[PDB]
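Student: One structure, pasted below without further comment.
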Amino acid sequence: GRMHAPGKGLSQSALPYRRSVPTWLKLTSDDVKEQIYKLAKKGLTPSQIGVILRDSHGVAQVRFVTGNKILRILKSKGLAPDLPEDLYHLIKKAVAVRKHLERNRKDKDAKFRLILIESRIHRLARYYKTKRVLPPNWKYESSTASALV
Amino acid sequence: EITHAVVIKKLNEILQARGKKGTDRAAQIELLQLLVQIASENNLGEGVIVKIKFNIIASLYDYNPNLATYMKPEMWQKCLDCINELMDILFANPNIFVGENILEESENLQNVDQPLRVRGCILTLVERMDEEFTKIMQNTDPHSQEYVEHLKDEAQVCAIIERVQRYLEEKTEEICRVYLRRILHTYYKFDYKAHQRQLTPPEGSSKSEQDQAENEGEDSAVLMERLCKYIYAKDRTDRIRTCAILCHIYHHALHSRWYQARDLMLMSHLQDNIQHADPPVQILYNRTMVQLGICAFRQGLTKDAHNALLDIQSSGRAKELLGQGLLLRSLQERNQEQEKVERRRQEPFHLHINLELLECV
Amino acid sequence: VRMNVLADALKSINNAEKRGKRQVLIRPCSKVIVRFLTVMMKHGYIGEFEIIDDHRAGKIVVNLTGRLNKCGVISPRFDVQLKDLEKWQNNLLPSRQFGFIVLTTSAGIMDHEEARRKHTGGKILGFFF
Amino acid sequence: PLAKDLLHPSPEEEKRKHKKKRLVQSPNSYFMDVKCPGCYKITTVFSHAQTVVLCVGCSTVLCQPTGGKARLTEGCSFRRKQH
RNA sequence: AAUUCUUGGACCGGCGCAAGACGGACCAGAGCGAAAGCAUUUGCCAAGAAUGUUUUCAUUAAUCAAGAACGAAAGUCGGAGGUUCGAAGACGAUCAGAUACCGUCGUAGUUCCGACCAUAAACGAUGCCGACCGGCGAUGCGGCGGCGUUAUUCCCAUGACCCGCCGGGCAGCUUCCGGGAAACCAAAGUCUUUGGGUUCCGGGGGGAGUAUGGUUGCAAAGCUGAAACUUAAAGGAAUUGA
């Protein structure tokens with residue numbers, strides 16, 4: 001079930017058995033690597049690079065076409081953004097809810113949902129601290145959380 | 001208003017709902033129009049507008065959800081104006097306007113791939129337009145007065161395909177595409193058009209430099225097909241030397257020599273060679289081969305014409321030159337045919353050729 | 001969430017047997033499950049089984065016979081000393097005649113009979129009788 | 001049914017089952033070679049695209065994103081790619 | 001029936017004016033929400049489940065002393081407002097008596113803004129997370145596939161029906177799954193064949209949620225919470241009588 005909801009949703013991807021790249025695909029490891037570099041440097045998250053490839057170019061999964069995961073390509077090349085692109089999105093949402101809530105003061109629901117999002121920021125922030133993706137000093141504080149975009 | 005730091009960054013927030021479901025499709029050209037009628041400063045309303053307009057006309061074509069349905073006359077005339085203004089402001093601006101370093105701004109956007117495949121996003125506008133114009137013609141009652149009201153824009157189109165042709169900053173090699181376009185409009189322009197630019201004999205009548213401006217057009221097939229053929233013996237594709245030569249053959253018919261155009265039709269050897277192309281090539285081959293037999297007759301070669309016009313009239317399915325013929329066998333493919341079908345005024349009359357078999361015999 | 005995998009494997013066998021099915025599907029297979037089911041099979045409480053192999057945790061289709069009464073897990077995995085096998089198999093098993101306690105020793109995963117045979121303790125996983 | 005062949009289900013039954021609840025999970029999606037009415041070049045498009053796939057040079061737009069499968073525009077033939 | 005209103009024209013009928021409450025019928029064993037709760041239109045703002053996915057990260061998770069957010073109704077303090085209804089109270093009847101039921105008035109209150117209080121039969125009288133074990137017909141949202149009907153008449157294509165399949169949700173019917181003291185419950189089942197993970201909490205009936213100490217609140221009161229003493233039953237489901 002969902003972390004902060006009563007729902008029990010079963011909706012995600014289902015990878016096929018065969019990890020082999022199909023015959024029709026002519027894009028080689030270096031061609032998709034040049035493509036990934038171009039998309040990331042345009043300004044685009046590992047998620048959005050992945051969907052662009054499979055929709056338009058027809059790249060089933062980059063881990064089979066290449067030997068790497070999109071972020072390991074980008075962090076090897078040194079195009080990986082510092083604070084991760086799920087921690088980023090949680091902070092971005094939390095700022096968007098607080099900016100709404102600073103105006104609409106009697107929004108008791110927005111107050112409750114802000115508490116849930118922030119509990120999720122802390123919980124993911126500490127995972128990244130243990131795995132040495134962040135400094136041990138890294139803090140989520142709503143005072144100067146907007147400094148992080 | 002601000003040095004394309006707000007203009008190129010709204011252009012993208014309005015050219016993002018292109019083809020998304022809940023876009024409405026209609027109140028988009030408006031927002032693309034309120035970036036040249038609200039933009040009114042140098043390279044901020046005047047100079048970078050190449051790009052704002054490329055995305056104004058591309059979205060204007062996309063007022064039609066289907067690609068098997070014809071545009072409406074209002075947005076059609078709007079396109080024919082919208083396309084013209086780009087050409088007139090592009091001519092007197094000798095620069096490549098999707099990149100290629102000039103000064104510093106507002107061109108030189110080489111950050112995005114390469115200014116060729118979107119620098120040649122000018123002919124794929126007017127080429128899409130030429131393929132659009134055929135839908136207007138196919139989707140009208142041919143005996144109606146609306147048809148001739150619609151053919152009044154045949155002149156408007158051939159002026160823009162001339163203007164894009166005069167634009168020779170090509171890189172024949174790859175302008176061949178709009179040479180095929182240009183000849184596909186002129187290859188069947190009749191004797192009154194062909195003859196009456198010299199057949200007022202050249203004296204103090206019509207050989208002055210200011211009158212001899214439309215006599216370029218008959219000896220244009222030779223000027224242009226020569227290139228489009230003898231470069232594509234080297235270049236890749238099949239269609240832009242086979243459509244080009246059959247246009248040259250068909251044009252060297254219906255006014256000029258039987259002997260001139262039989263050498264070209266034998267040189268190609270399509271008699272036994274054209275088997276495995278696409279029907280939209282195999283149709284204008286039939287039109288050419290029928291025009292062979294008519295020219296031979298009109299010359300007075302009244303058995304070599306009969307020895308040619310046999311199997312077309314021998315078979316009841318001679319409607320490979322016109323609209324679709326008989327009923328059933330595959331609705332699923334009969335739907336595909338009524339956008340293959342050739343336009344009306346191009347069709348050669350069929351009680352004209354029935355009266356060429358049954359007079360040569 | 002799924003904290004004990006052997007617990008759910010043995011409960012799903014038990015319900016399938018009671019209901020009177022001929023074979024059953026075990027979802028997340030593991031060495032400990034396959035090593036539990038081989039001990040069961042070796043005495044002949046289950047028939048053959050076939051571990052279906054996707055690129056994840058596998059699946060097991062076990063051919064049930066109708067000669068298994070109960071197969072149960074013991075969580076947590078207590079440290080059964082050799083001098084405690086008797087007082088465990090006294091209150092877990094139905095009789096001194098049939099039934100087995102499979103326990104994970106240094107040697108491998110085996111029943112109380114072979115653990116006594118090789119003079120070894122270990123940790124209790126479950127029982128079948 | 002007490003006896004059911006769990007190992008060898010017939011294709012119709014495990015074509016019906018939810019994509020995860022099959023014996024070896026497999027996607028219900030695919031890739032399709034799709035072409036425009038004018039141009040000759042073909043484009044590879046995902047069954048459930050979720051972007052707008054523009055014909056190369058933005059000559060036109062092929063698909064449109066929706067809830068499930070991406071709606072291909074009218075007058076565009078397609079041939080689903082297989083391995 | 002009376003208290004009340006009315007020839008300083010009540011009640012009834014017409015045309016307007018203002019006020020402050022409230023959103024009928026549509027409204028359902030329908031929906032959404034963490035629970036309290038939520039219904040005229042339209043606009044703006046941020047949020048959210050489910051579905052779809054050959055996208056991404058790679059164990060980041062489940063439950064939780066301490067601590068924290070919200071919490072019907074009533075109630076307290078301050079400002080605005082006061083249509084209806086109406087604790088208190090003023091009567092009028094009935095009655096042996098009525099300090100009530102019934103009836104005419106009626107202050108606090110009911111409504112809005114800002115501070116409190118933190119409880120309800122706050123109920124599914126039923127903690128949460130995970131797996132397994134019968135069938136049927138519908139239903140709400142998302143997807144997917146298929147004769148045919150109807151609108152866009154040009155019907156590609158969308159919408160309204162029809163027939164099935166998949167996943168989440170509110171429920172229903174049925175049976176010797178099985179359980180249970182039974183009433184009954186596909187969970188309250190997989191329990192002497194007793195062990196998947198974890199929080200809270202009960203120990204005969206009273207005395208008593210009382211005394212006392214602590215803590216919170218302006219007050220009302222909330223949370224924590226005994227003892228002496230008394231007692232052989234109190235109680236649950238179902239049966240047969242009256």
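So you can find residues: chains in the structure tokens are A, B, ... in the order shown, residues in each start at 1, and ligands are numbered from 1 in order.
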Pull out every residue of chain A sitting within 7 Å of chain D, counting only C-alpha atoms, and send them as a list in words.
Tutor: residues 14, 15, 16, 17, 22, 54, 55, 56, 57 and 58 of chain A
Student: Check the DSSP output for the backbone and give back, as a PyMOL selection string, the residues of chain C in alpha helix (DSSP H).
Tutor: chain C and resi 5-19+31-43+85-92+112-117
Student: Provide as a VMD selection string the residues of chain D at most 8 Å from chain C, counting only C-alpha atoms.
Tutor: chain D and resid 2 to 4 6 to 7 23 to 24
Student: Select all residues from chain E having any atom no more than 10 Å from an atom of chain C (counting only C-alpha atoms (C1' of nucleotides), ignoring ligands), output as a list in words.
Tutor: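 On the chain E side, the interface is residues 61, 62, 129, 130, 131, 132, 133, 134, 177, 190, 193, 194, 195, 196 and 197 of chain E.
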Student: For residue 112 of chain A, please output as a PyMOL selection string all residues within 12 Å (counting only C-alpha atoms (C1' of nucleotides); exclusion window: fewer than 6 positions along the same chain).
Tutor: (chain A and resi 4+94+97-98+101+106+118-119) or (chain E and resi 34+47+68-70)
Student: What is the distance between atom CA of residue 11 of chain A and atom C1' of residue 186 of chain E, in Å to one decimal?
Tutor: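 These two atoms are separated by 25.6 Å.
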